[PDB]
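Read on for two forms of one protein chain; each stands alone as structure tokens, with the labels structure 1 and structure 2.
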Structure 1
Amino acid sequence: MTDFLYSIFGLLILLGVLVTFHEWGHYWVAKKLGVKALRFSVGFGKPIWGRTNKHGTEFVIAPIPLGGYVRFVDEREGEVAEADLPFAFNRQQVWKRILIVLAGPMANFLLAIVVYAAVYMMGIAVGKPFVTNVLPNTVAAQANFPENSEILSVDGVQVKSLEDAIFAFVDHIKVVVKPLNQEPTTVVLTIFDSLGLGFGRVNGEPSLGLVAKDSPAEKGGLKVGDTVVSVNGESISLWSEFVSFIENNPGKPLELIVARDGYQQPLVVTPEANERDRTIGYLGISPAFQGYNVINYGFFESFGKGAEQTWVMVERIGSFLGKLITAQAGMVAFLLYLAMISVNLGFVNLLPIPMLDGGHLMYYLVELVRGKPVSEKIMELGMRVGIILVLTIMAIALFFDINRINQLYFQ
């Protein structure tokens, strides 16, 4: 049992990171506001780690990470020394404790955002928008689209994915597409059925780019750079024909002729079918052409797009809650799952449940409502906050127009 190790390792890392950042949001906001923390507990069970801060805060860690808390100085929960009252939770104005309670979920969302922004820089793999077929008597039929072609830029905006293609087609007709062999063309032009286009697997030359070790292709003599010119005496021209011959012949020997180093090499390969379905042949090769696009982002935009993705996630959670009442493998997927679980936690722990942060939010909101000893004061902040807004959004609005100058008739 070795997969168990990495699995529970990722589980513990995810849970620890989420709980630790929630409690650290609570702790750091309370500390910056002037509230002294008494205990910083992460996980349930018996303490496996324990250390006292210079401010008497006891950070403790237990081995079952399913929750945690941050206990502050509070007269409602115990005796407070006369010299510690100015650092007590309850001795602060109501808005301070409101922000302290709100800090947790916010923290979660914040983490989500940054994690999303972290995976938008590393590069995300999407599927190439490869038009496999064209329909008759459609808008694309008169325009004569290419059989097997890849979209490059529709109506000006450069797209590298299918979802991006449909989002551009609903954003707004010029279509720059790349067919096999010949160069890009701006064709004089599901949802694509309105136009007469169909998507599918990418096609190309029967050239080899990868050959797995100890595979039937490697044992038969296939090498990288080989271009299969014929299978069983029949000449082929597309990678799809090659994979057709491979799948249709599980265990039967195929006699290939490949173009290699300027000459022609004859080979023999016996593709073997896998365990899940011993009806589809397989020998272990990859096409020399790519079928993946790599979406990259600048981090100054990756942050905003991760925020938008978190908003999409929380609206999805809202839809799911109202109803209730591509593959980019690697660690990059683990980080996405971690951020999604973080969003789930930041949503669920904000529900007006008595012992959760939402219940505390409700309690301090009704306490603020009951406590109205001054007028025209609540309005005062109402401007002093907005000022900051109309200042900070100004600063960026300045900096934005500053960064466009730093960039800037050849033909």
Structure 2
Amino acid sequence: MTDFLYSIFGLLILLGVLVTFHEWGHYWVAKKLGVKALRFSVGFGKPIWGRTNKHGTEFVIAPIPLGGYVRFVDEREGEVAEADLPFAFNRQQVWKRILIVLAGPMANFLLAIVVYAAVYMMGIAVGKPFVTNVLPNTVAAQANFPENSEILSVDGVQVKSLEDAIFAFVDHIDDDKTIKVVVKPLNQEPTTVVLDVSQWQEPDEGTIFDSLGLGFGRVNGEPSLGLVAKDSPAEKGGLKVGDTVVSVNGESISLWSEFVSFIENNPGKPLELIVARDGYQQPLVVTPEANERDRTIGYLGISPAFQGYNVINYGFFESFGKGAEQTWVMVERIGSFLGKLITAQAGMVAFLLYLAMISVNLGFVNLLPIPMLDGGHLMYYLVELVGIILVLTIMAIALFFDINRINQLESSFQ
């Protein structure tokens, strides 16, 4: 029953964070400009939390966080004496109101940045760039590319995912004559393969990998077990962690794929195998079980030894830049979605990605010209109507980059 409890708790956390940070961007742009706010309400329904600070702002929280507001001072909405008169929203300049109404929608964006900057720093799980099929009679076939191996790097440029591999390939195809690929076969030390890409020009229609002959797929390896679950057919059959299956039903195997082939295709029927346990060839008998999602598939309850995924660690400002990139990508995605009108992760990381995506979506939808919205006001001021610093900032950051590389050459031989 924790399903509903947990999903509702997560949804409330997400909505509360988003609305609170939108209204907090509003209130912060108000406070850092002299425009004193009046009320800071978050959510819909019956207020439960109401606090007044030093000035007089009334922070109010509500249980239904489908939208909030920050009310300021208007001569039609209220009236304050000369004590706080030049701090009213309508009395202020029309120039400050542009930054005031833009505080919220940008804030969401900023939030996404941070959130993305938080997930690229810690790490993220991606699929290994694993070649499983070498096409006959292609460029990778002339080089005798190792069928079944994990791509480590292309032209020295290290790759830790599939998109990295395709980018490193596309970038260096028509830039020089050949391409060196560092790749690791199974049970072997890493080795380099040279691809002659001089004669081949471009294929107007076709996968850029099939043009070279690189078929990708699942990661493979030895039939060694890394995990065995409790109350699993493997545990009852005597399979242990560290066992290497040598043969199944007389037929010797050499890959995890053959073992899963024997497992999935024979549910409920016992398989007599021989495994290499601690340098000892030992016979076992295990009976696969009918899978829960598909009784056609046989289920044994084992996980392979070899590592399947990769984790990408990023620094500080590199992660900030990647987060800005992903936020802009989300912006373009929701833009195309609106134009239509007219990946296994590791825990809460997926929830943070969903939070950032929904933040981008909210900052985009509330920045459109609609009746009562921030974008409505930004359009209201748009169709109603410095550089020294602009150059000095780029000058300063260029000097910083140069000095940082100077220190990098020394403080940071064959």
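Only the largest set of C-alpha atoms that superpose within 1.5 Å between the two forms is called the rigid core. Counting starts at 1 and follows the sequence of structure 1.
After the core is matched up, is the C-alpha of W28 off by 2 Å or more between the two structures? Moves: no, less than 2 Å.
Hey, does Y363 budge by 2 Å or more at the Cα between the two structures once the core is superposed? Yes, shifts by 2 Å or more.
Honestly, after the rigid core fit, is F400 moving at least 2 Å at Cα between the two structures? Shift of 2 Å or more: yes.
After superposing on the rigid core, how much does the Cα of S235 shift between the two structures, in Å? C-alpha displacement of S235 between the two structures: 1.2 Å.
Could you tell me the distance the CA of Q92 travels between the two structures after a rigid core superposition, in angstrom? So the C-alpha of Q92 has moved 2.2 Å between the two structures.
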